[PDB]
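**Q** Sharing entry33.cif below, mmCIF, C-alpha atoms:
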```
data_data
#
loop_
_atom_site.group_PDB
_atom_site.id
_atom_site.type_symbol
_atom_site.label_atom_id
_atom_site.label_comp_id
_atom_site.auth_asym_id
_atom_site.auth_seq_id
_atom_site.Cartn_x
_atom_site.Cartn_y
_atom_site.Cartn_z
ATOM 1 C CA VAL A 2 15.374 0.338 14.619
ATOM 2 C CA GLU A 3 18.273 -1.951 13.670
ATOM 3 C CA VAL A 4 19.350 -1.915 10.061
ATOM 4 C CA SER A 5 19.132 -5.722 9.720
ATOM 5 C CA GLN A 6 15.550 -5.724 11.002
ATOM 6 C CA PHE A 7 14.628 -2.952 8.602
ATOM 7 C CA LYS A 8 16.185 -4.818 5.647
ATOM 8 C CA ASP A 9 14.288 -7.983 6.525
ATOM 9 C CA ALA A 10 11.030 -6.034 6.887
ATOM 10 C CA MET A 11 11.672 -4.324 3.531
ATOM 11 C CA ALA A 12 12.247 -7.738 1.935
ATOM 12 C CA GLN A 13 8.544 -8.379 2.608
ATOM 13 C CA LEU A 14 7.404 -5.178 0.750
ATOM 14 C CA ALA A 15 6.569 -6.100 -2.852
ATOM 15 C CA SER A 16 7.878 -3.665 -5.398
ATOM 16 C CA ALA A 17 7.961 -2.985 -9.065
ATOM 17 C CA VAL A 18 11.444 -2.974 -10.572
ATOM 18 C CA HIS A 19 12.784 -0.201 -12.779
ATOM 19 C CA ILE A 20 15.998 0.668 -14.589
ATOM 20 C CA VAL A 21 16.571 4.422 -14.206
ATOM 21 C CA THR A 22 18.781 5.944 -16.895
ATOM 22 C CA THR A 23 20.250 9.224 -18.057
ATOM 23 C CA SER A 24 22.410 10.416 -20.964
ATOM 24 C CA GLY A 25 25.845 11.897 -21.010
ATOM 25 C CA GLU A 26 28.976 12.625 -22.938
ATOM 26 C CA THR A 27 30.436 10.072 -20.553
ATOM 27 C CA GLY A 28 27.711 8.203 -22.526
ATOM 28 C CA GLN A 29 24.731 6.248 -21.096
ATOM 29 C CA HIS A 30 24.280 5.688 -17.332
ATOM 30 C CA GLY A 31 21.696 3.786 -15.379
ATOM 31 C CA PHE A 32 20.840 1.790 -12.291
ATOM 32 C CA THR A 33 18.216 -0.645 -11.025
ATOM 33 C CA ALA A 34 15.726 0.900 -8.572
ATOM 34 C CA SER A 35 12.728 -0.141 -6.569
ATOM 35 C CA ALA A 36 12.252 3.155 -4.615
ATOM 36 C CA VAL A 37 10.128 4.860 -7.266
ATOM 37 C CA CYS A 38 6.561 6.071 -6.879
ATOM 38 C CA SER A 39 4.124 8.583 -8.229
ATOM 39 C CA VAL A 40 3.770 11.812 -6.343
ATOM 40 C CA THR A 41 1.212 13.958 -8.043
ATOM 41 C CA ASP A 42 -0.821 14.371 -11.231
ATOM 42 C CA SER A 43 -0.539 18.177 -11.225
ATOM 43 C CA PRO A 44 1.521 17.908 -13.278
ATOM 44 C CA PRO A 45 2.345 14.211 -13.531
ATOM 45 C CA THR A 46 5.363 13.700 -11.334
ATOM 46 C CA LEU A 47 7.220 10.789 -9.825
ATOM 47 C CA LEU A 48 10.094 10.445 -7.435
ATOM 48 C CA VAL A 49 13.151 8.302 -7.544
ATOM 49 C CA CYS A 50 15.386 7.667 -4.525
ATOM 50 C CA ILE A 51 19.118 7.451 -5.322
ATOM 51 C CA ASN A 52 22.164 6.695 -3.213
ATOM 52 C CA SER A 53 24.183 9.919 -3.288
ATOM 53 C CA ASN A 54 27.380 7.931 -2.982
ATOM 54 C CA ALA A 55 26.659 5.700 -5.965
ATOM 55 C CA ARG A 56 28.687 5.767 -9.144
ATOM 56 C CA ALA A 57 25.443 6.732 -10.878
ATOM 57 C CA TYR A 58 24.704 9.791 -8.803
ATOM 58 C CA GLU A 59 26.662 12.664 -10.263
ATOM 59 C CA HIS A 60 25.497 11.840 -13.803
ATOM 60 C CA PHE A 61 21.917 12.456 -12.694
ATOM 61 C CA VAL A 62 22.886 15.657 -10.857
ATOM 62 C CA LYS A 63 24.778 16.937 -13.930
ATOM 63 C CA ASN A 64 22.127 16.070 -16.555
ATOM 64 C CA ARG A 65 18.967 16.747 -14.649
ATOM 65 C CA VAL A 66 16.882 14.352 -16.722
ATOM 66 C CA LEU A 67 16.133 10.668 -16.280
ATOM 67 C CA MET A 68 14.043 7.865 -17.733
ATOM 68 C CA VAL A 69 12.182 5.415 -15.494
ATOM 69 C CA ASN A 70 12.041 2.105 -17.403
ATOM 70 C CA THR A 71 9.635 -0.175 -15.563
ATOM 71 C CA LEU A 72 10.504 -3.816 -16.210
ATOM 72 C CA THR A 73 8.473 -6.703 -17.550
ATOM 73 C CA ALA A 74 8.538 -10.167 -15.946
ATOM 74 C CA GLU A 75 10.958 -11.195 -18.698
ATOM 75 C CA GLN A 76 13.627 -8.637 -17.728
ATOM 76 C CA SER A 77 14.980 -9.995 -14.447
ATOM 77 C CA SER A 78 18.513 -10.602 -15.843
ATOM 78 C CA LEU A 79 18.575 -6.985 -16.972
ATOM 79 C CA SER A 80 17.526 -5.945 -13.465
ATOM 80 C CA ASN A 81 20.478 -7.852 -12.017
ATOM 81 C CA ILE A 82 22.884 -6.449 -14.586
ATOM 82 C CA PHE A 83 21.913 -2.865 -13.763
ATOM 83 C CA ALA A 84 22.342 -3.574 -10.021
ATOM 84 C CA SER A 85 25.869 -4.947 -10.381
ATOM 85 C CA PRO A 86 29.385 -3.388 -10.766
ATOM 86 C CA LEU A 87 29.656 -3.658 -14.519
ATOM 87 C CA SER A 88 30.753 -0.914 -16.856
ATOM 88 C CA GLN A 89 27.905 1.072 -18.395
ATOM 89 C CA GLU A 90 29.005 -0.200 -21.797
ATOM 90 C CA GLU A 91 28.564 -3.791 -20.715
ATOM 91 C CA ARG A 92 25.248 -3.024 -18.992
ATOM 92 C CA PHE A 93 23.672 -1.223 -21.970
ATOM 93 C CA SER A 94 24.880 -3.897 -24.432
ATOM 94 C CA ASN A 95 22.312 -6.296 -22.930
ATOM 95 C CA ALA A 96 19.183 -4.578 -24.336
ATOM 96 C CA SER A 97 18.022 -2.181 -27.046
ATOM 97 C CA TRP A 98 17.617 1.508 -26.336
ATOM 98 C CA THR A 99 16.211 4.637 -27.978
ATOM 99 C CA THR A 100 15.162 8.096 -26.773
ATOM 100 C CA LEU A 101 11.944 10.010 -26.228
ATOM 101 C CA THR A 102 12.371 13.695 -25.323
ATOM 102 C CA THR A 103 15.219 14.140 -22.821
ATOM 103 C CA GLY A 104 17.851 11.945 -24.399
ATOM 104 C CA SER A 105 17.747 9.632 -21.398
ATOM 105 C CA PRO A 106 17.908 6.053 -22.778
ATOM 106 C CA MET A 107 14.517 4.418 -23.300
ATOM 107 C CA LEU A 108 14.533 0.680 -22.769
ATOM 108 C CA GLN A 109 12.858 -1.164 -25.615
ATOM 109 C CA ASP A 110 10.372 -3.881 -24.693
ATOM 110 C CA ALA A 111 9.865 -2.375 -21.228
ATOM 111 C CA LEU A 112 6.577 -2.419 -19.330
ATOM 112 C CA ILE A 113 6.442 1.401 -19.092
ATOM 113 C CA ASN A 114 8.764 4.272 -19.925
ATOM 114 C CA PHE A 115 8.525 7.636 -18.129
ATOM 115 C CA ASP A 116 10.850 10.356 -19.488
ATOM 116 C CA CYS A 117 11.436 13.029 -16.891
ATOM 117 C CA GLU A 118 13.003 16.282 -15.913
ATOM 118 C CA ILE A 119 14.609 16.294 -12.436
ATOM 119 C CA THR A 120 12.901 19.365 -11.207
ATOM 120 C CA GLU A 121 14.383 19.391 -7.689
ATOM 121 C CA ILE A 122 16.601 17.306 -5.442
ATOM 122 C CA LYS A 123 16.135 16.808 -1.713
ATOM 123 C CA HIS A 124 18.838 15.387 0.519
ATOM 124 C CA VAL A 125 17.974 12.606 2.976
ATOM 125 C CA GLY A 126 21.319 11.545 4.392
ATOM 126 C CA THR A 127 22.986 8.875 2.256
ATOM 127 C CA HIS A 128 20.170 9.158 -0.318
ATOM 128 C CA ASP A 129 18.543 11.901 -2.297
ATOM 129 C CA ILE A 130 14.952 12.164 -3.484
ATOM 130 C CA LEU A 131 14.763 13.150 -7.163
ATOM 131 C CA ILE A 132 11.489 14.947 -7.929
ATOM 132 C CA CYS A 133 10.724 14.253 -11.544
ATOM 133 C CA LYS A 134 8.246 15.988 -13.805
ATOM 134 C CA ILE A 135 7.111 13.548 -16.523
ATOM 135 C CA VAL A 136 7.522 14.982 -20.018
ATOM 136 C CA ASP A 137 6.930 11.894 -22.216
ATOM 137 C CA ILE A 138 5.474 8.396 -21.643
ATOM 138 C CA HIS A 139 5.477 5.145 -23.560
ATOM 139 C CA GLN A 140 3.382 2.219 -22.259
ATOM 140 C CA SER A 141 3.036 -1.442 -23.126
ATOM 141 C CA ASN A 142 -0.139 -3.453 -23.322
ATOM 142 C CA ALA A 143 -0.865 -6.987 -22.221
ATOM 143 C CA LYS A 144 2.490 -7.574 -20.564
ATOM 144 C CA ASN A 145 3.294 -8.890 -17.115
ATOM 145 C CA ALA A 146 5.236 -6.838 -14.538
ATOM 146 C CA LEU A 147 8.396 -7.800 -12.749
ATOM 147 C CA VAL A 148 7.989 -7.662 -8.965
ATOM 148 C CA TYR A 149 10.658 -8.157 -6.291
ATOM 149 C CA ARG A 150 9.651 -9.635 -2.912
ATOM 150 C CA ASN A 151 11.349 -11.945 -0.391
ATOM 151 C CA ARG A 152 14.560 -11.348 -2.311
ATOM 152 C CA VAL A 153 13.284 -13.197 -5.416
ATOM 153 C CA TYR A 154 11.388 -12.239 -8.564
ATOM 154 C CA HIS A 155 7.729 -12.595 -9.404
ATOM 155 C CA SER A 156 5.366 -12.028 -12.322
ATOM 156 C CA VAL A 157 2.302 -9.878 -11.780
ATOM 157 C CA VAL B 2 1.990 14.759 -20.362
ATOM 158 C CA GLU B 3 -1.802 14.421 -20.153
ATOM 159 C CA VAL B 4 -3.230 13.355 -16.835
ATOM 160 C CA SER B 5 -5.277 10.508 -18.370
ATOM 161 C CA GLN B 6 -2.185 9.072 -20.058
ATOM 162 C CA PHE B 7 -0.248 9.280 -16.818
ATOM 163 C CA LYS B 8 -3.040 7.516 -14.886
ATOM 164 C CA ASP B 9 -3.173 4.720 -17.445
ATOM 165 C CA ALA B 10 0.622 4.347 -17.362
ATOM 166 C CA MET B 11 0.539 4.280 -13.543
ATOM 167 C CA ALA B 12 -2.125 1.557 -13.678
ATOM 168 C CA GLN B 13 0.603 -0.666 -15.158
ATOM 169 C CA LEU B 14 3.047 -0.037 -12.221
ATOM 170 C CA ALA B 15 2.617 -2.833 -9.666
ATOM 171 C CA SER B 16 2.539 -1.649 -6.100
ATOM 172 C CA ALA B 17 2.270 -2.875 -2.587
ATOM 173 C CA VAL B 18 -0.773 -1.595 -0.717
ATOM 174 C CA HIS B 19 -0.629 -0.007 2.721
ATOM 175 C CA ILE B 20 -3.015 1.555 5.216
ATOM 176 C CA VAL B 21 -1.278 4.589 6.747
ATOM 177 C CA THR B 22 -2.624 5.603 10.151
ATOM 178 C CA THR B 23 -2.127 8.099 12.942
ATOM 179 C CA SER B 24 -3.657 8.760 16.372
ATOM 180 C CA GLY B 25 -5.590 11.692 17.662
ATOM 181 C CA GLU B 26 -8.010 13.055 20.180
ATOM 182 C CA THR B 27 -10.257 13.293 17.143
ATOM 183 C CA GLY B 28 -9.442 9.552 17.534
ATOM 184 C CA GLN B 29 -7.923 7.214 14.892
ATOM 185 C CA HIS B 30 -7.274 8.357 11.293
ATOM 186 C CA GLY B 31 -5.960 6.526 8.287
ATOM 187 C CA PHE B 32 -5.911 6.152 4.531
ATOM 188 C CA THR B 33 -4.979 3.616 1.863
ATOM 189 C CA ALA B 34 -1.698 4.395 0.066
ATOM 190 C CA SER B 35 0.448 2.932 -2.643
ATOM 191 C CA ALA B 36 3.023 5.801 -2.859
ATOM 192 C CA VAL B 37 5.280 4.489 -0.097
ATOM 193 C CA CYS B 38 8.907 3.454 -0.434
ATOM 194 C CA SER B 39 12.086 3.121 1.530
ATOM 195 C CA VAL B 40 14.513 5.983 1.361
ATOM 196 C CA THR B 41 17.524 5.169 3.437
ATOM 197 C CA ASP B 42 18.886 2.784 6.069
ATOM 198 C CA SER B 43 20.828 5.510 7.905
ATOM 199 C CA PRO B 44 18.684 5.533 9.889
ATOM 200 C CA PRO B 45 15.873 3.394 8.496
ATOM 201 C CA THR B 46 13.502 5.806 6.835
ATOM 202 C CA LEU B 47 10.590 5.616 4.452
ATOM 203 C CA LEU B 48 8.461 8.149 2.679
ATOM 204 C CA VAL B 49 4.759 8.396 2.253
ATOM 205 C CA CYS B 50 3.081 10.666 -0.305
ATOM 206 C CA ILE B 51 -0.180 12.269 0.884
ATOM 207 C CA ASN B 52 -2.727 14.490 -0.812
ATOM 208 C CA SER B 53 -2.530 17.775 1.098
ATOM 209 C CA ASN B 54 -6.191 18.402 0.408
ATOM 210 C CA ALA B 55 -7.359 15.082 1.826
ATOM 211 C CA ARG B 56 -9.467 14.782 4.939
ATOM 212 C CA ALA B 57 -6.580 12.766 6.377
ATOM 213 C CA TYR B 58 -3.909 15.383 5.902
ATOM 214 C CA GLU B 59 -4.086 17.744 8.838
ATOM 215 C CA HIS B 60 -4.184 14.855 11.331
ATOM 216 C CA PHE B 61 -0.770 13.754 10.086
ATOM 217 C CA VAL B 62 0.567 17.327 10.159
ATOM 218 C CA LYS B 63 -0.722 17.817 13.731
ATOM 219 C CA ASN B 64 0.499 14.484 15.172
ATOM 220 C CA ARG B 65 3.738 14.040 13.332
ATOM 221 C CA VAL B 66 3.723 10.262 13.664
ATOM 222 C CA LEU B 67 2.299 7.565 11.422
ATOM 223 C CA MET B 68 2.154 3.802 11.024
ATOM 224 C CA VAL B 69 2.618 2.150 7.628
ATOM 225 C CA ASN B 70 0.541 -1.059 7.698
ATOM 226 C CA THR B 71 1.477 -3.096 4.641
ATOM 227 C CA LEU B 72 -1.401 -5.357 3.624
ATOM 228 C CA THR B 73 -1.622 -9.089 3.097
ATOM 229 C CA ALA B 74 -3.390 -10.627 0.082
ATOM 230 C CA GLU B 75 -6.368 -11.239 2.372
ATOM 231 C CA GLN B 76 -6.907 -7.539 3.167
ATOM 232 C CA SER B 77 -8.244 -6.135 -0.102
ATOM 233 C CA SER B 78 -11.662 -5.190 1.390
ATOM 234 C CA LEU B 79 -9.834 -3.253 4.085
ATOM 235 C CA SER B 80 -7.833 -1.496 1.367
ATOM 236 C CA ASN B 81 -11.066 -0.415 -0.314
ATOM 237 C CA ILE B 82 -12.620 0.687 2.961
ATOM 238 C CA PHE B 83 -9.663 2.935 3.783
ATOM 239 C CA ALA B 84 -9.812 4.468 0.273
ATOM 240 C CA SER B 85 -13.495 5.382 0.504
ATOM 241 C CA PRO B 86 -15.503 8.252 2.138
ATOM 242 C CA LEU B 87 -16.478 6.455 5.308
ATOM 243 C CA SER B 88 -16.176 7.823 8.805
ATOM 244 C CA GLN B 89 -12.995 6.812 10.619
ATOM 245 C CA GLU B 90 -15.153 4.978 13.144
ATOM 246 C CA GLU B 91 -16.669 2.819 10.441
ATOM 247 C CA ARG B 92 -13.283 2.260 8.777
ATOM 248 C CA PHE B 93 -11.464 1.170 11.956
ATOM 249 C CA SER B 94 -14.356 -1.104 13.022
ATOM 250 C CA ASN B 95 -13.411 -3.472 10.176
ATOM 251 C CA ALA B 96 -10.136 -4.762 11.702
ATOM 252 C CA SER B 97 -8.270 -5.088 14.997
ATOM 253 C CA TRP B 98 -5.729 -2.500 16.056
ATOM 254 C CA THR B 99 -3.077 -1.970 18.730
ATOM 255 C CA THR B 100 -0.068 0.330 19.150
ATOM 256 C CA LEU B 101 3.704 0.043 19.063
ATOM 257 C CA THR B 102 5.603 3.193 20.086
ATOM 258 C CA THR B 103 3.963 6.295 18.584
ATOM 259 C CA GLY B 104 0.338 5.572 19.339
ATOM 260 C CA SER B 105 -0.414 5.372 15.629
ATOM 261 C CA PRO B 106 -2.803 2.403 15.164
ATOM 262 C CA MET B 107 -1.085 -0.874 14.299
ATOM 263 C CA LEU B 108 -3.141 -3.131 12.078
ATOM 264 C CA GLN B 109 -3.298 -6.669 13.406
ATOM 265 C CA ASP B 110 -2.694 -9.478 10.927
ATOM 266 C CA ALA B 111 -0.871 -7.119 8.551
ATOM 267 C CA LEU B 112 2.060 -8.125 6.357
ATOM 268 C CA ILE B 113 4.382 -5.518 7.931
ATOM 269 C CA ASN B 114 4.012 -2.657 10.381
ATOM 270 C CA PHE B 115 6.409 0.319 10.372
ATOM 271 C CA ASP B 116 5.865 2.833 13.208
ATOM 272 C CA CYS B 117 7.332 6.191 12.312
ATOM 273 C CA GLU B 118 8.079 9.734 13.250
ATOM 274 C CA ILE B 119 7.349 12.297 10.500
ATOM 275 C CA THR B 120 10.672 13.972 10.609
ATOM 276 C CA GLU B 121 10.057 16.493 7.809
ATOM 277 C CA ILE B 122 7.443 17.413 5.233
ATOM 278 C CA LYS B 123 8.133 18.572 1.691
ATOM 279 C CA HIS B 124 5.504 20.207 -0.481
ATOM 280 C CA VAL B 125 5.011 19.003 -4.062
ATOM 281 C CA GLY B 126 1.938 20.862 -5.253
ATOM 282 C CA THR B 127 -1.269 19.006 -4.393
ATOM 283 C CA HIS B 128 0.748 16.379 -2.480
ATOM 284 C CA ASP B 129 3.304 16.365 0.268
ATOM 285 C CA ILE B 130 6.158 13.936 0.845
ATOM 286 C CA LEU B 131 6.281 12.757 4.469
ATOM 287 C CA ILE B 132 9.821 11.740 5.455
ATOM 288 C CA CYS B 133 9.462 9.132 8.139
ATOM 289 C CA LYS B 134 12.085 7.822 10.520
ATOM 290 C CA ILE B 135 11.173 4.251 11.542
ATOM 291 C CA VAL B 136 11.098 3.801 15.315
ATOM 292 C CA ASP B 137 9.463 0.349 15.668
ATOM 293 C CA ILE B 138 8.737 -2.565 13.287
ATOM 294 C CA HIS B 139 6.575 -5.656 13.416
ATOM 295 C CA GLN B 140 6.807 -8.205 10.572
ATOM 296 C CA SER B 141 4.861 -11.275 9.540
ATOM 297 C CA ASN B 142 6.244 -14.529 8.251
ATOM 298 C CA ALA B 143 4.993 -16.802 5.513
ATOM 299 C CA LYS B 144 2.220 -14.505 4.338
ATOM 300 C CA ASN B 145 1.377 -13.305 0.856
ATOM 301 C CA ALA B 146 1.394 -9.602 -0.098
ATOM 302 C CA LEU B 147 -1.414 -7.606 -1.595
ATOM 303 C CA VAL B 148 -0.400 -5.960 -4.876
ATOM 304 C CA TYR B 149 -2.404 -3.511 -6.999
ATOM 305 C CA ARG B 150 -1.891 -3.486 -10.788
ATOM 306 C CA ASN B 151 -4.170 -2.883 -13.790
ATOM 307 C CA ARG B 152 -6.728 -1.559 -11.328
ATOM 308 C CA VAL B 153 -7.250 -4.995 -9.714
ATOM 309 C CA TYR B 154 -5.682 -6.915 -6.837
ATOM 310 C CA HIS B 155 -3.070 -9.636 -6.864
ATOM 311 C CA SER B 156 -1.310 -11.976 -4.447
ATOM 312 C CA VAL B 157 2.471 -12.018 -4.394
#
```
Could you rewrite the structure in this file as structure tokens?
**A**
Amino acid sequence: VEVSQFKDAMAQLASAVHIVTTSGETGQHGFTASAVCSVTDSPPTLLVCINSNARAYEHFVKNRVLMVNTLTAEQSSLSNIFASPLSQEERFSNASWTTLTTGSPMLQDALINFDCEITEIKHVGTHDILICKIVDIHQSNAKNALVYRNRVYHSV
Amino acid sequence: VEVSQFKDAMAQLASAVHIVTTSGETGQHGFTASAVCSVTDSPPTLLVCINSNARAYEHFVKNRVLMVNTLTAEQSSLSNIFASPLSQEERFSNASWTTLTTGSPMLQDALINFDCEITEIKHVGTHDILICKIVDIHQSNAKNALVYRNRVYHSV
């Protein structure tokens, strides 16, 4: 199918919004993602799709850990910031961060935080699939989720 | 992490809802899925996670094509029907279906329809990842999406 048609069809597919981070000597690194889903509960595992040409990519390959920080309805600016060509220092300055187990930065006031080991990497052309065993979780209660659909944000 | 904690954390992660189908001599087969996301646009590709122990599974392995039918806000009963131990005949009787290119059943009145070839299969324990090249698309306009979060349905 044509790429434009696929992009317009994908614009219809509602998705949760996450900021996926990792830790480095280069310091903190992260990116906004929608292509995240659970895989299995034996053991709890999720996947994250990543552009293998992105600035982000080799930090994830090198470290082999990541945090999935699922965003609340109040964090749409942060979503945009982590999707845009800003330095990591500027990006991270816009929220508060800690760590769980891996050292990957945990976003404070997030909807959910899944700290993961990148167990394996599969190549799918311009993107890779990161298979991620979950090793620590923090969850919120009574918060609303950020959702992206029709190229705008929503509260669910 | 504990499975119960992971399930409760996943309950917070908003997701689109899809009915994933394929075609057979055994006839039509399908299942409700949330673990679906785009992968790449070179060429347009999505993935679908499937329980390799499910009744559904070997039909997908045998046929090597599937349709992702993304649901509208009006199709929550259909979502439940395709998640429950009903015969495929009973399931399919509850909507209208056609075909695009692969013969996988296309759900009428869906939000989006992605007809796919299952290019490769990766094993991740109890689940597999189906890598799916998109070969035909139908999209709706001006409809609302079904979203699942906190174990209940939503309109986005």
**Q** Restrict the distance test to only C-alpha atoms, flag each residue of chain B within 8 Å of chain A, and return the flagged residues as a ChimeraX atom specification.
**A** /B:2-4,6-7,10-11,13-17,36-45,50,71,112-113,125-128,130,135-140,146,148,150,155,157
**Q** Report, in Å to a single decimal, how far apart CA of residue 12 in chain B and CA of residue 75 in chain B are.
**A** 21.0 Å
**Q** Would you kindly identify which residues have an atom no farther than 12 Å from (15.2, 6.1, -26.4), using only C-alpha atoms and the file's own coordinates, and write them out as a PyMOL selection string?
**A** chain A and resi 22-24+29+67-70+96-111+114-116+137-139
**Q** Would you compute the box with edges along x, y and z of the file around range 79-91 of chain B, including every atom the file lists for it and 8 Å extra on each side, and give its centre and edge lengths in Å to one decimal, as lines of an AutoDock Vina configuration file?
**A**
```
center_x = -12.3
center_y = 2.5
center_z = 6.4
size_x = 24.8
size_y = 27.5
size_z = 29.5
```
**Q** Selected by the PyMOL selection byres ((chain B and resi 56) around 12) in the shown coordinates: which residues, as a list in words?
**A** residues 30, 31, 32, 51, 52, 53, 54, 55, 57, 58, 59, 60, 61, 62, 83, 84, 85, 86, 87, 88 and 89 of chain B
**Q** For each of B:122, B:133, B:117, B:20, take the minimum atom-to-atom distance to residue 73 in chain B, counting only C-alpha atoms, then give the residue where this is smallest.
**A** B:20
**Q** If you measure from CA of residue 94 in chain B to CA of residue 26 in chain B, what distance in Å do you get, rounded to one decimal?
**A**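 Rounded to one decimal, the two atoms are 17.1 Å apart.
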**Q** To one decimal place in Å, what is the distance between CA of residue 21 in chain B and CA of residue 131 in chain B?
**A** 11.4 Å
